[PDB]
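Quick heads-up: the structure tokens below are two forms of one chain, split into structure 1 and structure 2.
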Structure 1
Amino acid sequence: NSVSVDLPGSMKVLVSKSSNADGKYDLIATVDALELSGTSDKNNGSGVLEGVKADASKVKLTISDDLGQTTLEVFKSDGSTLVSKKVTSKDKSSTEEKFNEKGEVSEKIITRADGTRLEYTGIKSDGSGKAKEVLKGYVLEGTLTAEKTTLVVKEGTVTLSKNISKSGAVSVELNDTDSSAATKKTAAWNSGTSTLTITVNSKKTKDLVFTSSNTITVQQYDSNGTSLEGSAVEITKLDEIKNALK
């Protein structure tokens, strides 16, 4: 009879085998234990389904025409104002939002395809808030503004800041208040290799690489300050970032 279709966001929809008198297909889905229904112009599982929560909040599932993306929305019981929205994109990343009484976003959780996350909480009407990046093994914390996200790690008099611009560009900086010329760390950022090179006493000491896989690696220079030595080591815990800043 109906045809089962797998969707982004770990959902399924059942589509009628054939169309009704108007040419439209019936759609059914169950999300959690909520039954959703709709009709569609297409026969592939795309379209809109609707239902309600046990508390009468409206629910809408929207499946893009090519099945690439899904959106699951919850609204107030009159259907007017959004309460929550989850969008799963074609890479299987997701964004999950909560909204306040005016429909303004108050929380946004971005889950990358690899499972790492950006968590934005306490978001205010100017787009400022608290930020966390959840990586494999550890979490980075900081703040959000409409210009950038800034995640910070402190060790001694060193502050490491990982910035994510509004447009998604990562850059990293290091600032040290150390008053001793012999021990003060400085660093340079290379956007072309996503690498922060730390210097102490006029010699390169370490490269910190912020990889496309959402990891951080550390590699030391030889005592000559010009050649790398050994091989890069992936950071697995926050304490190891702090160790790289010593």
Structure 2
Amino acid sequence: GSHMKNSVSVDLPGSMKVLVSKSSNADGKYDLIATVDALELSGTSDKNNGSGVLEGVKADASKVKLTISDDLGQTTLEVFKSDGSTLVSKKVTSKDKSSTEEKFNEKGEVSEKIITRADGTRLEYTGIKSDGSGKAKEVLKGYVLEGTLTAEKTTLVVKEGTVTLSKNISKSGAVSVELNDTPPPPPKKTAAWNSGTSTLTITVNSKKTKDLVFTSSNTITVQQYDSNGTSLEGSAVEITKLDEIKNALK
């Protein structure tokens, strides 16, 4: 960690601490150093409470800037490219424990974003595009909702069968929810008639279910197919009551 001669440690939003000198230097400013992700950042501020701006250079020459607001209520951590201006990442963190993490692209535009709310739930956007669209994920206490982002709204989706539930979050943070059900057509009973055999073959779900035979003795028999609709099983049973015909039509 960080060490300073005649200093005081000050706790900061989002894990961080800064050391600030007990006294002022030759110019009246106070010395600040902090250690973030094993990199030492340093600066001078007119204030002596821990606020100000600290800077450091990574071993790959990336520039790191930590800005601490006057009231110590917010830290901004920025990582830049070598040039010191093309952003790579930006993390704004608050005392209430809320935060925004952005990652940037070659064009100087945001391509990922993690929003952490005070209560510990998060919204994660990945793969953000020029048109504002992207993948989306809400992390909640005990589970995760998946969906996508457009320029206008985030749409989280849960599926059960033909039922779709959509949670929409607007740019203001307003929730609205919708539901859709596209149920399949129900199982319909069709039939084909063989006049050579005087037989009606009934079908459901592309499986043959039963044969009704209309006999030369003016009787009806019923016989079931195997539950694969492949071929007949048992023997033909003769119909003696109207109710038995209705039953075979169920």
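For the two forms, the rigid core is made up of the largest set of C-alpha atoms that agree within 1.5 Å on superposition. Sequence positions of structure 1, starting at 1, serve as the residue numbers.
Core-superposed comparison between structure 1 and structure 2: among 69, 43, 215, 39, the single residue whose C-alpha moves by 2 Å or more is 215. The Cα position of residue 15 differs by less than 2 Å between structure 1 and structure 2 after fitting on the rigid core. Superposition of the core reveals a Cα shift of 2 Å or more for residue 204 between structure 1 and structure 2.
Core-superposed comparison between structure 1 and structure 2: the Cα of residue 30 travels less than 2 Å. Taking the core as reference, the C-alpha deviation of residue 114 between structure 1 and structure 2 is 2.5 Å. For residue 142, the displacement of the CA atom between structure 1 and structure 2, after superposition on the rigid core, amounts to 0.7 Å. Core-superposed comparison between structure 1 and structure 2: residue 54 shows a Cα shift of 1.3 Å.
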